[PDB]
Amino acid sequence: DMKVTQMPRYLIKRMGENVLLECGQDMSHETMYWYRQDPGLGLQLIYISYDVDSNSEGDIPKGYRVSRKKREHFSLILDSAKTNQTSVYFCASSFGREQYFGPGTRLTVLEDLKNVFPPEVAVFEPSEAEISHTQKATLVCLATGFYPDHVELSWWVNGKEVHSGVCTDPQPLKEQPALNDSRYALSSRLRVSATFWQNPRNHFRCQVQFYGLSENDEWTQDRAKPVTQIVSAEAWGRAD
């Protein structure tokens, strides 16, 4: 009923490039918004369109421009991208009551794409102990070494996505806090009744999609170009 969506959810771009984030509502609300919030502070207003070609600045106008040619849409333009413009962007709309926010777009403006990496992934089988101590079995996935934090980790049992008994880290931790462009890591647990893991027919797969580069992204390095992909790790049940 009241949904607001933004395309390119994740997006990486090199400094100086043209960024274009989109946002649609399909409910023709008169007024829409562009917000950004960095892990540090909170939400700051960039631009607000009251209706089509009626657009007003806001709090952080410098570095951005907007385009409202239809009620339903509202695009955000970064002519010359900037490193510090690497925040999270939220689009919104209202008709008079409250504002209806989107899902958020994660934009990373890198000075050098050589810092980009896909994640190495591996699953860890349950500890022989826990199965006899608490009668349950916990599997652990570990997405290691990747940048930036454009990852979504999911569990798949026998082919079905499972959010039942799953827990994933909220904030990916840095494997080296010192470095300014610290490479990231992540983990997630999947607890299942010990009896379940005791059957070598079940298929446990820890999937983690990366949102890296794409077509027009020029890449020179010898290592395969780190583009959007689905690195995974599997593990069969054990009756042993």
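All residue numbers refer to positions in the sequence shown, first residue = 1.
Just going by the entry, 206-214 versus 40-48 on mean CA temperature factor gives the higher value to 206-214. Checked against the record, the higher mean CA B factor of 231-239 and 3-11 lies with 231-239. For the set 196, 184, 64, 33, the PDB entry puts the maximum C-alpha B factor at 196. Remark: of 134, 99, 75, 105, 134 shows the highest value [criterion: C-alpha B-factor in the PDB entry]. The deposited CA B-factor of residue 150 belongs to the middle third of values across its chain. Annotation for residue 140: CA B-factor lies in the middle third of the chain's modelled residues. For residue 91, the recorded CA temperature factor ranks within the lowest third of the chain's modelled residues. In the PDB entry, a CA B factor belonging to the highest third of its chain's modelled residues is recorded for residue 176. Ranked within its chain, residue 81 lands in the lowest third, by CA B factor from the PDB record.
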